[PDB]
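Here is how names work: the chains are called A, B, and so on, in the same order as the sequence lines, proteins then strands, and each is numbered from 1. Counting convention: from 1, in listed order, for ligands and their atoms alike.
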Amino acid sequence: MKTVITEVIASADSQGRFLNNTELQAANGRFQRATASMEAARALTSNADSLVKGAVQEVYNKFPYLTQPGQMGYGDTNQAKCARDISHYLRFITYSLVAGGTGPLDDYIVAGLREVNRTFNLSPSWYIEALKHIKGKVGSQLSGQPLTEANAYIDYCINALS
Amino acid sequence: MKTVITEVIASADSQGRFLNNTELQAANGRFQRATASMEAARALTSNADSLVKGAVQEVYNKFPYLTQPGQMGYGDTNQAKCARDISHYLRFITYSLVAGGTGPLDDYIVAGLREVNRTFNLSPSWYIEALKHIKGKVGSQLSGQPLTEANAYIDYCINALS
Amino acid sequence: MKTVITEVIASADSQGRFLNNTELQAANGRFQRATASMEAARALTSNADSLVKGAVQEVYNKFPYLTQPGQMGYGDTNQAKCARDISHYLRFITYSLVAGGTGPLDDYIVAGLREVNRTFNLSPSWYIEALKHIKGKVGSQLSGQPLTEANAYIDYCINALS
Amino acid sequence: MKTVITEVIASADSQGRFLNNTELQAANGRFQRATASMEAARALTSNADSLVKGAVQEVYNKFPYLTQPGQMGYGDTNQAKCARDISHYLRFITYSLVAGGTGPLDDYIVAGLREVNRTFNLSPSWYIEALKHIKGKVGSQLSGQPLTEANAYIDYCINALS
Amino acid sequence: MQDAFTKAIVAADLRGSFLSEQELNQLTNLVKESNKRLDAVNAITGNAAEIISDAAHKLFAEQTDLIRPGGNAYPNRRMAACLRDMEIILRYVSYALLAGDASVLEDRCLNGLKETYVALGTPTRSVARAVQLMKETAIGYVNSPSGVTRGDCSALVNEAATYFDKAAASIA
Amino acid sequence: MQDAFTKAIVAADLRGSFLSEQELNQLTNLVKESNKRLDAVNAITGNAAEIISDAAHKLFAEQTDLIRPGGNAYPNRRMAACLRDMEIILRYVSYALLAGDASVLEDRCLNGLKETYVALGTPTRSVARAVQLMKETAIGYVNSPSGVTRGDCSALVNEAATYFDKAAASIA
Amino acid sequence: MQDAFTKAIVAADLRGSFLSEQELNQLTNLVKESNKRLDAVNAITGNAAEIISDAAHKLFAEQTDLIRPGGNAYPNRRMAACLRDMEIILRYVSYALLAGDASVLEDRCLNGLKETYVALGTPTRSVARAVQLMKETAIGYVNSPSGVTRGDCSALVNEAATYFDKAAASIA
Amino acid sequence: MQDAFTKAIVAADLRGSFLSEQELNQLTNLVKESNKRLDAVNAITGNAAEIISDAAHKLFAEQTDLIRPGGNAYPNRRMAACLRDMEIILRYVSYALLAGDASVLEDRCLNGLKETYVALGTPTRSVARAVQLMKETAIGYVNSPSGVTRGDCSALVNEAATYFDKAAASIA
Amino acid sequence: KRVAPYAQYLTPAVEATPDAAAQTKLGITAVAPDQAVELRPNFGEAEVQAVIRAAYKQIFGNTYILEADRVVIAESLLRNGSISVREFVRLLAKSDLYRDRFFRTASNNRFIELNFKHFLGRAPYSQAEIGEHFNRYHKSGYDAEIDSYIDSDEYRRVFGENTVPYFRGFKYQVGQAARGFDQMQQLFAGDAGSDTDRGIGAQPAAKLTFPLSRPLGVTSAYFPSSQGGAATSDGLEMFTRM
Ligand SMILES: CCC1=C(C)/C(=C/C2=NC(=C\c3[nH]c(/C=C4\NC(=O)[C@H](C)[C@H]4CC)c(C)c3CCC(=O)O)/C(CCC(=O)O)=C2C)NC1=O
Ligand SMILES: CCC1=C(C)/C(=C/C2=NC(=C\c3[nH]c(/C=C4\NC(=O)[C@H](C)[C@H]4CC)c(C)c3CCC(=O)O)/C(CCC(=O)O)=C2C)NC1=O
Ligand SMILES: CCC1=C(C)/C(=C/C2=NC(=C\c3[nH]c(/C=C4\NC(=O)[C@H](C)[C@H]4CC)c(C)c3CCC(=O)O)/C(CCC(=O)O)=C2C)NC1=O
Ligand SMILES: CCC1=C(C)/C(=C/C2=NC(=C\c3[nH]c(/C=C4\NC(=O)[C@H](C)[C@H]4CC)c(C)c3CCC(=O)O)/C(CCC(=O)O)=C2C)NC1=O
Ligand SMILES: CCC1=C(C)/C(=C/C2=NC(=C\c3[nH]c(/C=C4\NC(=O)[C@H](C)[C@H]4CC)c(C)c3CCC(=O)O)/C(CCC(=O)O)=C2C)NC1=O
Ligand SMILES: CCC1=C(C)/C(=C/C2=NC(=C\c3[nH]c(/C=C4\NC(=O)[C@H](C)[C@H]4CC)c(C)c3CCC(=O)O)/C(CCC(=O)O)=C2C)NC1=O
Ligand SMILES: CCC1=C(C)/C(=C/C2=NC(=C\c3[nH]c(/C=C4\NC(=O)[C@H](C)[C@H]4CC)c(C)c3CCC(=O)O)/C(CCC(=O)O)=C2C)NC1=O
Ligand SMILES: CCC1=C(C)/C(=C/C2=NC(=C\c3[nH]c(/C=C4\NC(=O)[C@H](C)[C@H]4CC)c(C)c3CCC(=O)O)/C(CCC(=O)O)=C2C)NC1=O
Ligand SMILES: CCC1=C(C)/C(=C/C2=NC(=C\c3[nH]c(/C=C4\NC(=O)[C@H](C)[C@H]4CC)c(C)c3CCC(=O)O)/C(CCC(=O)O)=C2C)NC1=O
Ligand SMILES: CCC1=C(C)/C(=C/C2=NC(=C\c3[nH]c(/C=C4\NC(=O)[C@H](C)[C@H]4CC)c(C)c3CCC(=O)O)/C(CCC(=O)O)=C2C)NC1=O
């Protein structure tokens with residue numbers, strides 16, 4: 001799972017050398033950065049419930065037609081599986097925030113994304129719009145380096161979907 | 001075993017791909033062609049006995065010296081193993097006719113031919129002359145596309161031996 | 001071109017290594033054995049042609065149908081190209097004797113032999129019989145280690161043709 | 001284990017050809033050379049005791065400081081392990097003499113030498129000086145091709161250590 | 001590959017929920033002690049050669065059979081292989097120590113290792129011992145270094161020990 | 001790879017010793033008989049094709065089932081696989097005759113040879129027989145060659161036989 | 001690859017002829033001097049390291065420019081490359097000397113070498129000089145060795161020189 | 001050949017358009033600063049000889065190897081060639097400075113130049129340095145001249161620098 | 001000055017062995033292996049044959065490649081000198097004989113094992129490693145899948161462009177997982193052993209699936225041992241030293 005520590009350890013192993021300064025210096029960054037990351041994580045964690053309901057709705061408000069009959073934003077099961085999916089994204093964002101890298105996002109959401117979405121007729125546009133909305137609201141839950149961190153990972157998902 | 005069917009399937013598989021109109025068009029050729037092929041096969045099948053005795057003799061008539069003592073066309077066992085060998089060739093010709101490709105010839109006679117013939121002091125010239133004779137007589141057992149098919153495979157063996 | 005000298009040098013080079021006592025011992029063998037080799041070479045050199053005319057004829061005497069019209073031992077050009085070819089073999093045998101290895105034979109006669117003989121309808125049997133005869137007569141031109149050397153290379157050609 | 005015999009066999013195998021006359025002389029070199037080699041071997045074998053004590057001492061006489069306290073030529077165990085090590089070298093020299101190649105030296109002393117010496121703080125200079133001394137005394141135990149052989153292998157060790 | 005955070009994340013995900021304020025603060029503490037951790041990894045890196053060398057000298061002091069003919073650290077080729085393995089294991093122990101998780105050690109180094117040595121005829125009990133000696137000296141260095149701020153590194157010294165002890169147990 | 005000298009050396013080293021005067025003279029004798037050995041290896045090389053061919057003719061004379069459909073030397077592809085096999089073994093035997101040691105034969109050939117054949121459905125007893133026939137003819141040639149100096153080659157003929165017999169035993 | 005015999009053979013073949021009695025005896029003489037040749041090749045092998053080292057010491061004694069930053073034998077990486085090339089060239093010169101023909105040297109070492117160095121910015125004149133120094137010392141050793149039978153090796157010393165001189169000329 | 005206006009025109013034409021009000025005013029500004037530009041070109045012309053001379057003195061002060069035998073600015077012929085190249089490059093830099101575009105410099109001086117020098121064995125890093133020294137002194141003169149009206153020439157000093165820096169980069 | 005006796009030190013040695021492990025294991029001696037038949041400049045005929053004979057054995061899994069089936073054009077380019085050993089390989093791997101012999105009748109799992117053997121000379125270190133390859137087959141098809149071994153950092157770093165691939169599984173390579181070593185033994189059958197399907201035609205079920213997934217295992221608790229011999233205890237240790 002791609003993270004600062006993991007990456008440097010892997011580098012060392014490949015080189016078959018020793019945890020030198022370059023590596024130690026790089027690792028310090030990840031440690032020094034944990035405070036901002038983990039503040040973002042705690043805020044995203046406790047607001048999860050509403051961040052998810054906010055983004056779910058925004059998908060329907062931006063794509064009104066989705067909520068009409070015969071469509072994929074209709075009936076309990078579609079709307080249920082949607083909330084769940086955005087919740088998966090926020091969950092992995094918090095994980096990436098805590099982990100010190102994109103690993104959790106890369107391994108659990110990015111690897112395979114397009115194939116899955118294409119087989120199931122899920123448009124990335126919805127998911128981008130869910131995330132754009134989550135990004136709007138996270139503007140007032142955080143600030144400074146915790147916000148920058150939250151943003152880094154939200155944007156990473158938007159770019160991944162694109 | 002090389003047939004039109006196996007070839008197109010091999011080519012699909014190796015690109016990780018379902019059979020498409022290109023490959024099904026190909027298969028139709030093999031199926032459309034079966035009638036002529038199988039007529040050649042039936043004629044070669046029932047005349048086998050005499051086609052073999054005709055070609056065996058012709059090897060001795062073209063290489064008179066073979067039938068003298070101390071030579072390889074002398075005694076029951078050489079002359080027996082000869083008839084058998086031409087019979088093997090005609091057999092695989094009929095198989096190649098029925099199969100829709102050279103596979104049976106490639107796998108059971110061509111692969112290894114020269115090494116074997118070289119270790120056992122068997123001259124290809126005999127076998128070419130057996131086949132040239134078989135080709136002469138098959139001129140009046142068949143005609144049209146069955147003859148063309150019979151010819152295709154007889155000639156294929158002659159080129160394998162040159 | 002394979003000689004004891006080239007072989008040890010090749011083996012050193014391929015390990016990025018100076019010649020060592022192993023390789024110089026080897027070279028001494030080749031130099032110690034030059035006297036016998038070169039005596040064989042001088043004897044084979046001066047008693048030469050007739051070997052070719054003797055073997056050419058023997059090909060026709062053993063394959064009588066050869067010297068008959070319509071055959072490949074008939075007319076000045078076939079019989080001329082035959083003498084030449086046996087002469088090529090004896091020439092490369094002397095070269096291999098002088099060189100201290102099979103290189104000249106490998107590079108100028110063995111590489112490609114079968115393809116050529118097969119395209120031109122040349123039976124190895126003739127050439128083996130030319131060489132078997134040359135081997136019979138060289139029994140009384142040489143003896144001891146010069147004969148063993150002559151034999152080594154004649155036999156090498158016969159195995160190349162089987 | 002590198003000997004003239006193993007080398008030519010390796011080259012054939014990798015090449016699939018019968019041991020033939022080019023190769024046989026290589027082998028003849030190794031066999032012709034055995035007498036000188038094995039005379040060197042017997043002389044080095046029976047003088048081993050003193051050759052070792054002579055070289056051990058010479059390491060201390062050339063590096064006087066080694067024998068002072070706190071140093072690596074001091075105390076029974078260092079001085080014991082030294083004699084042993086030179087004895088290992090002379091042993092493998094005799095083996096290389098008897099074997100007809102550097103194999104025993106390559107496999108048991110050269111492969112890994114520097115890594116070991118570097119971890120254990122053993123200077124090659126000592127070992128070169130042990131061997132230079134052994135080379136001086138072997139000047140009067142042997143002469144002619146036995147001396148050349150002894151020299152070949154002693155020098156081989158000195159180059160391995162530079 | 002896992003580190004101590006990644007491990008937390010995998011366990012959380014298997015519940016299908018977010019961090020359990022429990023796990024969050026366990027990880028906040030790892031960040032709290034991370035300067036000490038960096039010094040501990042640095043202690044090993046900065047003395048790797050001596051740690052291997054000193055372990056080695058002592059291994060063969062104890063087991064003089066390994067350096068006799070017939071012995072598994074004889075001739076030079078085998079000794080170099082043995083010295084190399086000592087380095088490889090010390091390496092993956094230092095990686096685990098930076099990571100706060102044994103997985104890199106278990107997955108790349110320890111997995112299959114015992115069966116390799118048995119196939120080779122390498123005496124596993126001697127290899128286990130060489131690992132025990134590396135541990136003694138490595139921890140020595142973790143505990144007594146060049147002008148590091150004075151404090152308590154026993155938690156980290158324990159954790160390093162368990163990585164040395166994992167390797168030993170896995171191999172013997 | 002070992003030869004007869006290398007073998008001596010490995011056994012000496014396992015004692016920690018310079019070669020015994022016992023072993024020295026055993027090897028002096030191998031050098032003594034080496035011209036004969038070269039002729040013996042040369043006998044095989046110089047008739048390799050015929051040795052394989054003649055073994056072959058006779059194998060299928062005896063076992064006419066192999067060349068019927070259903071048989072393991074049918075069709076041409078399988079016969080070519082079989083006939084090449086014979087030649088390899090004859091060639092391998094002669095390497096051993098010069099090395100003066102079976103190891104190259106056991107390690108590079110026989111090594112793994114039995115296993116293959118059963119997986120393939122190749123009748124090992126027939127392969128063993130083909131090896132016995134190569135032996136008969138090969139030794140024939142070792143004993144009755146072109147203008148070699150007259151003497152006694154029975155020691156070498158035995159040793160060649162044991163290499164043929166090793167292969168046969170290993171395969172059947 | 002050619003040796004002195006192989007060269008003869010190629011020229012003979014281009015005439016369509018068995019070797020001339022002229023060429024035969026030229027080669028008989030090569031065999032005549034072959035023990036001396038083996039000593040000459042052995043002289044180089046037995047002192048390869050010192051030949052390179054001594055050439056090197058002297059090259060940088062003369063040309064401090066390369067030793068200073070900006071120089072082509074600075075830092076350690078470049079010096080190791082330069083020492084390596086000295087060895088490579090000495091190696092192919094010794095091969096040519098065993099062979100009695102320059103071809104292995106010209107084909108495997110000298111062909112393209114100048115253009116390589118120019119691409120790299122390696123001063124070819126300095127490389128030529130390093131080759132001249134190797135020549136001086138190598139020949140020194142060919143002429144004054146350990147208990148070799150006394151005789152005249154000047155023919156071989158010349159021939160070795162031309163191989164050193166080929167390399168120098170080709171590179172400068 | 002291009003100047004800054006011509007460049008504008010070529011880009012406009014590739015759109016199929018009359019010049020943008022954007023581009024128009026960029027060019028109006030070039031006309032605005034043109035008296036300063038003329039002084040800047042005049043600064044170089046008026047001190048060309050000293051700029052080359054002073055660059056030169058300093059180049060050989062630093063790199064005393066160039067003026068030794070073996071060096072690329074030895075003997076007189078080579079020094080004159082090197083002095084000539086310094087002038088040629090300073091000349092095309094002044095042309096670019098009058099033009100407000102690097103193209104004349106790139107097309108008639110820099111194009112192929114590096115490969116010329118490498119073919120010749122001329123050390124490109126030394127040539128790059130000679131260009132860096134010309135830059136220092138040339139700009140010196142652009143900034144501190146005879147009774148020119150006081151104002152800010154830093155924009156032009158930058159642009160001149162990039163022409164010197166283009167040449168350096170292109171050559172090294 | 002007389003020697004402190006030292007003959008006690010060379011006794012037996014204890015249960016002693018003599019560079020046995022490779023041979024006891026069997027076949028390891030052949031394959032603790034000298035580097036490949038590299039290609040030099042101006043390579044002569046001897047050199048090309050070594051590379052060509054060698055390559056086939058190494059990449060076709062020692063199956064007999066008969067005279068009737070040589071890939072006539074792979075080698076032609078290699079001799080005329082247009083292509084490297086590395087692209088000579090990439091041209092044998094996508095040939096019919098390679099395709100036919102291993103991919104066509106092996107499952108994916110089985111098929112993936114052999115590329116690690118033929119192409120990198122080692123067993124797959126991990127379960128994930130098979131996942132990646134199989135997946136890449138699903139999207140990119142067969143040709144792309146083969147490319148990945150040859151065109152990869154690991155292959156390139158070690159086999160350059162001129163060395164021929166060789167077994168390296170039996171020696172510790174930096175970064176390999178512990179199980180590389182035993183796993184490689186299943187893959188290798190000894191020098192006679194060949195990886196071929198003629199007996200059934202189909203070819204065997206993948207060997208490493210069960211070996212690949214064997215677990216960690218927790219001999220936990222664990223109390224260490226000081227015995228062994230008696231080990232010093234006391235406070236005096238530092239002091240004596242001081
Ligand atoms: C671990 C990370 C992970 C992600 C991200 C994930 C996405 C994902 N979304 C799915 C389905 C779905 N996704 C949605 C999504 C939506 N429906 C709406 O009302 C909105 C338009 C939208 C939310 C924005 C719908 C309706 C389905 C049901 C599709 C179907 O089966 O027809 C499925 C198919 C399996 C299933 O039916 O649950 C996957 C795998 N799965 C994962 O394991
Ligand atoms: C499946 C396809 C297939 C083919 C084609 C085949 C050919 C073949 N022909 C053989 C022998 C033979 N082939 C012949 C052929 C002839 N003798 C004559 O009178 C004529 C000149 C000539 C016929 C034109 C002879 C005489 C032998 C015996 C050779 C020997 O063992 O000495 C053998 C050796 C095994 C044996 O003795 O049966 C093979 C494998 N085998 C196969 O499995
Ligand atoms: C350098 C080594 C070398 C060899 C060995 C060689 C063999 C060789 N023999 C050939 C032809 C020939 N070879 C023969 C041989 C014979 N005719 C007889 O009367 C006998 C049966 C027999 C001699 C035993 C014949 C008749 C031809 C003419 C074939 C043709 O063009 O139809 C040809 C075709 C080109 C040509 O027509 O000359 C080659 C290349 N060429 C070489 O360059
Ligand atoms: C099979 C071939 C082979 C060689 C060549 C070999 C060398 C070798 N020398 C060693 C140690 C040693 N070697 C020496 C050498 C010397 N001390 C002196 O008084 C002199 C300066 C010098 C002799 C010239 C010393 C002092 C040690 C002990 C190093 C230590 O453990 O601190 C060791 C470490 C294991 C041990 O302590 O025995 C090896 C492996 N081992 C082998 O298996
Ligand atoms: C280049 C990578 C890197 C390293 C190595 C690093 C080390 C580092 N170690 C530190 C503290 C420290 N390090 C230690 C370590 C120890 N105390 C002991 O008595 C033991 C001997 C040793 C046990 C490992 C202690 C006790 C502190 C002070 C407490 C703390 O900050 O946690 C600090 C805080 C500043 C200070 O108090 O000096 C830093 C920055 N920072 C980095 O960015
Ligand atoms: C090119 C590689 C090479 C070979 C092949 C070689 C052979 C060779 N065989 C020899 C002797 C011999 N070779 C044999 C061999 C035999 N005697 C028999 O009756 C058997 C049929 C046969 C059994 C193998 C005998 C008996 C001698 C004479 C005794 C001896 O020298 O040992 C001799 C000594 C000179 C002589 O007496 O002729 C040489 C040089 N030398 C070489 O450098
Ligand atoms: C292991 C590979 C191998 C080597 C190295 C070898 C050397 C060798 N050098 C020899 C002679 C000799 N070697 C030399 C060499 C020299 N004379 C000088 O004064 C120069 C300093 C030096 C110039 C190179 C001379 C002059 C002879 C005596 C004349 C001769 O036999 O040609 C001899 C003949 C016996 C003798 O007279 O000692 C042998 C066997 N033989 C081998 O099998
Ligand atoms: C014969 C060709 C020709 C030249 C050379 C020329 C120069 C020239 N430079 C001028 C101004 C100037 N020239 C400069 C130049 C500088 N100021 C500094 O402090 C720097 C040291 C230097 C930088 C290059 C400045 C600042 C002005 C006044 C502002 C301006 O007019 O743009 C003017 C306007 C009148 C004046 O203010 O003096 C002219 C006509 N005219 C021409 O027709
Ligand atoms: C290390 C040296 C080495 C050996 C010894 C070797 C044996 C070997 N023999 C094989 C096949 C074979 N071997 C034979 C041999 C025989 N068939 C019979 O009926 C006879 C009893 C016998 C001949 C005497 C046959 C027929 C096959 C093909 C089996 C098949 O594909 O159906 C194969 C499978 C690969 C292939 O077909 O090329 C191997 C690996 N391979 C090697 O690399
Ligand atoms: C994944 C990281 C990794 C590890 C851990 C590893 C272990 C490993 N150790 C090996 C050999 C070895 N390991 C040793 C080690 C020892 N000998 C002793 O007597 C001591 C008890 C011990 C040293 C403390 C020796 C002597 C060999 C060589 C065995 C032989 O070839 O006979 C080999 C066989 C390949 C080779 O020799 O290079 C492997 C794979 N390889 C790896 O890639």
Which of the numbered atoms in ligand 5 are below 4.0 angstrom from a heavy atom of [X]?
X      : answer
E:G151 : 17 (N), 18 (C), 19 (O), 26 (C)
E:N143 : 21 (C)
E:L38  : 2 (C), 3 (C), 4 (C), 5 (C), 42 (C), 43 (O)
A:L24  : 1 (C), 2 (C)
A:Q25  : 1 (C)

Discussion item. For C:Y74, I'd like to know if atom OH has over 12 heavy atoms of other residues, nucleotides or ligands within 6.0 Å.
Written reply: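 No, because the 6.0 Å sphere around OH of C:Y74 holds 12 heavy atoms or fewer from other groups.
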Worksheet item: Mind checking whether F:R37 and F:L97 have side chains closer than 4.5 Å, heavy atoms only?
Response: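 Yes, close enough: below the 4.5 Å cut-off.
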Practice prompt. Report yes if some heavy atom in the side chain of C:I86 is under 4.5 Å from a heavy atom in the side chain of C:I134; otherwise report no.
Written response: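 Yes, their side chains come closer than 4.5 Å.
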Could you find the nearest protein heavy atom to [atom] and give me its residue, atom name and distance?
atom                    : answer
atom 36 (C) of ligand 6 : F:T149 OG1, 3.4 Å
atom 15 (C) of ligand 6 : F:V148 CG1, 3.2 Å
atom 32 (O) of ligand 6 : F:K36 CD, 3.5 Å
atom 6 (C) of ligand 6  : C:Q145 OE1, 3.4 Å
atom 42 (C) of ligand 6 : C:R33 NH1, 2.4 Å
atom 34 (C) of ligand 5 : E:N35 ND2, 3.5 Å
atom 5 (C) of ligand 6  : F:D39 OD1, 3.2 Å
atom 1 (C) of ligand 6  : D:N21 ND2, 3.3 Å

With heavy atoms of [X] as the reference, note each atom of ligand 3 found under 4.0 Å away.
X      : answer
C:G73  : 19 (O)
C:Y108 : 1 (C), 2 (C)
C:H88  : 2 (C), 3 (C), 4 (C), 42 (C)
C:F120 : 31 (O), 34 (C)
C:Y89  : 5 (C)
C:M72  : 17 (N), 18 (C), 19 (O), 26 (C)

Worksheet item: When only distance counts, is A:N28 in polar contact with ligand 5, meaning an N/O pair under 3.5 Å?
Response: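 Between A:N28 and ligand 5, an N or O pair is found under 3.5 Å apart.
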Need the ligand 6 atom indices (1-based, order shown) with element for anything under 4.0 Å from a heavy-atom of [X].
X      : value
F:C153 : 15 (C), 16 (C), 17 (N), 18 (C), 20 (C), 22 (C), 23 (C), 24 (C)
F:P145 : 21 (C)
F:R150 : 19 (O), 26 (C)

Item to complete: Using distance alone, determine whether C:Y60 and ligand 3 share an N or O pair under 3.5 Å.
Response: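 Checking ligand 3 against C:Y60, an N or O pair does fall under 3.5 Å apart.
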Discussion item. Less than 4.0 Å is my threshold; does some heavy atom of E:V142 fall inside it relative to ligand 5?
Written reply: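 E:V142 counts as a contact of ligand 5 under the 4.0 Å cut-off.
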Worksheet entry | Salt-bridge criterion met for C:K132 and C:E129 (N-O under 4.0 Å) |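 Salt bridge: yes.
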Worksheet item: Is atom 29 (C) of ligand 5 in close reach of the protein, with a heavy atom under 4.0 Å away?
Response: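 Looking at atom 29 (C) of ligand 5, one finds that no protein heavy atom lies closer than 4.0 Å.
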